[PDB]
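Reviewing the structure listed below.
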Amino acid sequence: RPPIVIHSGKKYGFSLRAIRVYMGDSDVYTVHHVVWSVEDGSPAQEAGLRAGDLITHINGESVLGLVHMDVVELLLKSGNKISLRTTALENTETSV
């Protein structure tokens with residue numbers, strides 16, 4: 001899949017969470033960066049970034065396993081253009 005290339009001089013217009021993904025009952029995890037929301041009319045929305053996307057790469061650099069604020073910093077220091085590689089399973093959540 002090609003990277004999403006966003007053109008912003010402002011915020012990109014999305015939010016993300018760092019999810020601590022555990023594999024068992026020990027305090028051991030791989031940090032995963034997941035887009036939680038995208039703002040209407042924003043550069044991120046326009047480019048096709050979607051809530052639920054796992055961001056694997058920022059400007060060609062693997063970000064899987066980096067802590068939240070390291071990824072926030074990469075986003076803050078990027079320019080008007082950013083390239084995001086992402087992957088998603090279901091295109092919606094399920095309400096229960």
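By order in the structure tokens, chains are A, B, ...; within a chain, residues start at 1; ligands start at 1, following the order shown.
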Enumerate, as a PDB file with N, CA and C atoms, in the first residue's frame, the complete set of residues in range 8-77 of chain A that a backbone-based DSSP assignment places in strand (DSSP E or B).
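The new file states09.pdb reads:
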```
ATOM      1  N   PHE A  14      -5.455  15.305  13.189  1.00  0.00           N
ATOM      2  CA  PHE A  14      -5.864  14.011  13.715  1.00  0.00           C
ATOM      3  C   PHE A  14      -5.386  13.827  15.121  1.00  0.00           C
ATOM      4  N   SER A  15      -5.975  12.867  15.813  1.00  0.00           N
ATOM      5  CA  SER A  15      -5.461  12.499  17.122  1.00  0.00           C
ATOM      6  C   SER A  15      -5.003  11.056  17.098  1.00  0.00           C
ATOM      7  N   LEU A  16      -4.090  10.738  17.995  1.00  0.00           N
ATOM      8  CA  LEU A  16      -3.614   9.360  18.095  1.00  0.00           C
ATOM      9  C   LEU A  16      -3.376   8.968  19.531  1.00  0.00           C
ATOM     10  N   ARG A  17      -3.485   7.663  19.758  1.00  0.00           N
ATOM     11  CA  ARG A  17      -3.160   7.073  21.035  1.00  0.00           C
ATOM     12  C   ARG A  17      -1.990   6.135  20.846  1.00  0.00           C
ATOM     13  N   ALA A  18      -1.188   6.012  21.881  1.00  0.00           N
ATOM     14  CA  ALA A  18      -0.176   4.978  21.982  1.00  0.00           C
ATOM     15  C   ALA A  18      -0.761   3.848  22.788  1.00  0.00           C
ATOM     16  N   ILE A  19      -0.960   2.703  22.181  1.00  0.00           N
ATOM     17  CA  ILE A  19      -1.546   1.555  22.851  1.00  0.00           C
ATOM     18  C   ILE A  19      -0.422   0.628  23.301  1.00  0.00           C
ATOM     19  N   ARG A  20      -0.355   0.349  24.598  1.00  0.00           N
ATOM     20  CA  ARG A  20       0.573  -0.645  25.124  1.00  0.00           C
ATOM     21  C   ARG A  20      -0.018  -2.010  24.852  1.00  0.00           C
ATOM     22  N   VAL A  21       0.575  -2.749  23.918  1.00  0.00           N
ATOM     23  CA  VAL A  21       0.080  -4.057  23.550  1.00  0.00           C
ATOM     24  C   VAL A  21       0.915  -5.073  24.300  1.00  0.00           C
ATOM     25  N   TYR A  22       0.276  -5.690  25.280  1.00  0.00           N
ATOM     26  CA  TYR A  22       0.850  -6.804  26.037  1.00  0.00           C
ATOM     27  C   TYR A  22       0.620  -8.155  25.282  1.00  0.00           C
ATOM     28  N   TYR A  29       5.607  -4.829  26.789  1.00  0.00           N
ATOM     29  CA  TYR A  29       4.678  -4.408  25.753  1.00  0.00           C
ATOM     30  C   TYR A  29       5.410  -3.804  24.576  1.00  0.00           C
ATOM     31  N   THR A  30       4.733  -3.844  23.420  1.00  0.00           N
ATOM     32  CA  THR A  30       5.146  -3.101  22.236  1.00  0.00           C
ATOM     33  C   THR A  30       4.159  -1.959  22.050  1.00  0.00           C
ATOM     34  N   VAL A  31       4.676  -0.732  21.968  1.00  0.00           N
ATOM     35  CA  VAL A  31       3.817   0.429  21.798  1.00  0.00           C
ATOM     36  C   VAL A  31       3.355   0.546  20.350  1.00  0.00           C
ATOM     37  N   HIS A  32       2.051   0.683  20.164  1.00  0.00           N
ATOM     38  CA  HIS A  32       1.422   0.826  18.852  1.00  0.00           C
ATOM     39  C   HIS A  32       0.706   2.159  18.742  1.00  0.00           C
ATOM     40  N   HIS A  33       0.897   2.852  17.634  1.00  0.00           N
ATOM     41  CA  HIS A  33       0.357   4.201  17.442  1.00  0.00           C
ATOM     42  C   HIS A  33      -0.840   4.122  16.527  1.00  0.00           C
ATOM     43  N   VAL A  34      -2.018   4.420  17.082  1.00  0.00           N
ATOM     44  CA  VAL A  34      -3.281   4.240  16.389  1.00  0.00           C
ATOM     45  C   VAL A  34      -4.014   5.574  16.299  1.00  0.00           C
ATOM     46  N   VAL A  35      -4.434   5.930  15.086  1.00  0.00           N
ATOM     47  CA  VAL A  35      -5.214   7.131  14.852  1.00  0.00           C
ATOM     48  C   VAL A  35      -6.585   6.949  15.475  1.00  0.00           C
ATOM     49  N   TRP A  36      -6.976   7.880  16.342  1.00  0.00           N
ATOM     50  CA  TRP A  36      -8.255   7.759  17.032  1.00  0.00           C
ATOM     51  C   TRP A  36      -9.346   8.614  16.424  1.00  0.00           C
ATOM     52  N   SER A  37      -8.980   9.723  15.786  1.00  0.00           N
ATOM     53  CA  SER A  37      -9.965  10.632  15.229  1.00  0.00           C
ATOM     54  C   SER A  37      -9.272  11.437  14.156  1.00  0.00           C
ATOM     55  N   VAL A  38     -10.062  11.907  13.194  1.00  0.00           N
ATOM     56  CA  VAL A  38      -9.584  12.793  12.149  1.00  0.00           C
ATOM     57  C   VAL A  38     -10.583  13.952  12.058  1.00  0.00           C
ATOM     58  N   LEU A  54      -3.443   2.011  12.119  1.00  0.00           N
ATOM     59  CA  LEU A  54      -2.166   1.843  12.791  1.00  0.00           C
ATOM     60  C   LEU A  54      -1.096   2.519  11.953  1.00  0.00           C
ATOM     61  N   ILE A  55      -0.382   3.468  12.547  1.00  0.00           N
ATOM     62  CA  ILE A  55       0.729   4.129  11.851  1.00  0.00           C
ATOM     63  C   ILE A  55       1.982   3.282  12.070  1.00  0.00           C
ATOM     64  N   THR A  56       2.558   2.781  10.984  1.00  0.00           N
ATOM     65  CA  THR A  56       3.751   1.947  11.081  1.00  0.00           C
ATOM     66  C   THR A  56       4.998   2.746  10.747  1.00  0.00           C
ATOM     67  N   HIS A  57       4.867   3.768   9.906  1.00  0.00           N
ATOM     68  CA  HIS A  57       6.035   4.528   9.457  1.00  0.00           C
ATOM     69  C   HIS A  57       5.676   5.992   9.311  1.00  0.00           C
ATOM     70  N   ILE A  58       6.625   6.860   9.654  1.00  0.00           N
ATOM     71  CA  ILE A  58       6.498   8.297   9.489  1.00  0.00           C
ATOM     72  C   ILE A  58       7.718   8.741   8.668  1.00  0.00           C
ATOM     73  N   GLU A  61      10.428   6.125   8.223  1.00  0.00           N
ATOM     74  CA  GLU A  61      11.034   5.614   9.452  1.00  0.00           C
ATOM     75  C   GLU A  61      10.010   4.731  10.173  1.00  0.00           C
ATOM     76  N   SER A  62      10.398   3.510  10.528  1.00  0.00           N
ATOM     77  CA  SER A  62       9.553   2.675  11.378  1.00  0.00           C
ATOM     78  C   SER A  62       9.320   3.330  12.746  1.00  0.00           C
TER      79      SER A  62
END
```
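Atom pair CA of residue 42 in chain A / CA of residue 13 in chain A has a distance of 5.2 Å (rounded to one decimal).
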Selection near range 71-84 of chain A, 7 Å with only C-alpha atoms, sequence-local residues under 2 positions removed, as a PDB file with N, CA, C and O atoms, in the first residue's frame:
```pdb
ATOM      1  N   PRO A   3       2.135   5.138   0.796  1.00  0.00           N
ATOM      2  CA  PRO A   3       1.939   5.970   1.954  1.00  0.00           C
ATOM      3  C   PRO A   3       0.937   7.076   1.709  1.00  0.00           C
ATOM      4  O   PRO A   3       0.800   7.578   0.606  1.00  0.00           O
ATOM      5  N   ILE A   4       0.233   7.463   2.760  1.00  0.00           N
ATOM      6  CA  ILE A   4      -0.606   8.629   2.724  1.00  0.00           C
ATOM      7  C   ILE A   4       0.269   9.860   2.843  1.00  0.00           C
ATOM      8  O   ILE A   4       1.088   9.966   3.764  1.00  0.00           O
ATOM      9  N   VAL A   5       0.156  10.784   1.895  1.00  0.00           N
ATOM     10  CA  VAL A   5       0.968  11.986   1.910  1.00  0.00           C
ATOM     11  C   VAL A   5       0.029  13.147   2.193  1.00  0.00           C
ATOM     12  O   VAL A   5      -0.847  13.473   1.389  1.00  0.00           O
ATOM     13  N   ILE A   6       0.205  13.738   3.366  1.00  0.00           N
ATOM     14  CA  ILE A   6      -0.607  14.856   3.850  1.00  0.00           C
ATOM     15  C   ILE A   6       0.119  16.171   3.571  1.00  0.00           C
ATOM     16  O   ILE A   6       1.338  16.239   3.726  1.00  0.00           O
ATOM     17  N   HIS A   7      -0.638  17.192   3.162  1.00  0.00           N
ATOM     18  CA  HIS A   7      -0.140  18.565   2.905  1.00  0.00           C
ATOM     19  C   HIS A   7      -0.883  19.483   3.871  1.00  0.00           C
ATOM     20  O   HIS A   7      -2.029  19.747   3.631  1.00  0.00           O
ATOM     21  N   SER A   8      -0.240  19.983   4.915  1.00  0.00           N
ATOM     22  CA  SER A   8      -0.922  20.892   5.848  1.00  0.00           C
ATOM     23  C   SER A   8      -0.685  22.341   5.464  1.00  0.00           C
ATOM     24  O   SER A   8       0.404  22.688   5.022  1.00  0.00           O
ATOM     25  N   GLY A   9       0.240  24.986   6.957  1.00  0.00           N
ATOM     26  CA  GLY A   9       1.284  25.283   7.950  1.00  0.00           C
ATOM     27  C   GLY A   9       0.775  25.039   9.356  1.00  0.00           C
ATOM     28  O   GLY A   9       1.280  25.592  10.335  1.00  0.00           O
ATOM     29  N   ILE A  55      -0.382   3.468  12.547  1.00  0.00           N
ATOM     30  CA  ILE A  55       0.729   4.129  11.851  1.00  0.00           C
ATOM     31  C   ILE A  55       1.982   3.282  12.070  1.00  0.00           C
ATOM     32  O   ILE A  55       2.450   3.123  13.186  1.00  0.00           O
ATOM     33  N   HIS A  57       4.867   3.768   9.906  1.00  0.00           N
ATOM     34  CA  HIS A  57       6.035   4.528   9.457  1.00  0.00           C
ATOM     35  C   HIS A  57       5.676   5.992   9.311  1.00  0.00           C
ATOM     36  O   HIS A  57       4.571   6.328   8.882  1.00  0.00           O
ATOM     37  N   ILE A  58       6.625   6.860   9.654  1.00  0.00           N
ATOM     38  CA  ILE A  58       6.498   8.297   9.489  1.00  0.00           C
ATOM     39  C   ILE A  58       7.718   8.741   8.668  1.00  0.00           C
ATOM     40  O   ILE A  58       8.870   8.539   9.090  1.00  0.00           O
ATOM     41  N   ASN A  59       7.485   9.310   7.490  1.00  0.00           N
ATOM     42  CA  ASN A  59       8.560   9.737   6.599  1.00  0.00           C
ATOM     43  C   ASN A  59       9.575   8.631   6.350  1.00  0.00           C
ATOM     44  O   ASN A  59      10.784   8.878   6.321  1.00  0.00           O
ATOM     45  N   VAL A  63       8.063   3.394  13.172  1.00  0.00           N
ATOM     46  CA  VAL A  63       7.724   3.956  14.482  1.00  0.00           C
ATOM     47  C   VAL A  63       7.087   2.951  15.419  1.00  0.00           C
ATOM     48  O   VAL A  63       6.881   3.275  16.585  1.00  0.00           O
ATOM     49  N   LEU A  66       8.104   2.657  19.346  1.00  0.00           N
ATOM     50  CA  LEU A  66       8.505   3.916  19.966  1.00  0.00           C
ATOM     51  C   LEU A  66       7.459   4.385  20.962  1.00  0.00           C
ATOM     52  O   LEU A  66       6.273   4.164  20.779  1.00  0.00           O
ATOM     53  N   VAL A  67       7.895   5.035  22.034  1.00  0.00           N
ATOM     54  CA  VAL A  67       6.942   5.575  23.008  1.00  0.00           C
ATOM     55  C   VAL A  67       6.165   6.758  22.448  1.00  0.00           C
ATOM     56  O   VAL A  67       6.585   7.406  21.476  1.00  0.00           O
ATOM     57  N   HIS A  68       5.021   7.031  23.068  1.00  0.00           N
ATOM     58  CA  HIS A  68       4.096   8.038  22.565  1.00  0.00           C
ATOM     59  C   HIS A  68       4.752   9.353  22.247  1.00  0.00           C
ATOM     60  O   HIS A  68       4.555   9.885  21.141  1.00  0.00           O
ATOM     61  N   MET A  69       5.514   9.900  23.192  1.00  0.00           N
ATOM     62  CA  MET A  69       6.019  11.249  22.997  1.00  0.00           C
ATOM     63  C   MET A  69       7.140  11.301  21.955  1.00  0.00           C
ATOM     64  O   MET A  69       7.377  12.352  21.366  1.00  0.00           O
ATOM     65  N   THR A  86       0.271   3.237   6.902  1.00  0.00           N
ATOM     66  CA  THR A  86      -0.749   2.788   7.826  1.00  0.00           C
ATOM     67  C   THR A  86      -1.354   1.458   7.435  1.00  0.00           C
ATOM     68  O   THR A  86      -1.333   1.063   6.256  1.00  0.00           O
TER      69      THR A  86
END
```
(request) Between CA of residue 44 in chain A and CA of residue 87 in chain A, measure the distance and give it in Å to one decimal. (result)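 For CA of residue 44 in chain A relative to CA of residue 87 in chain A, the distance reads 15.2 Å.
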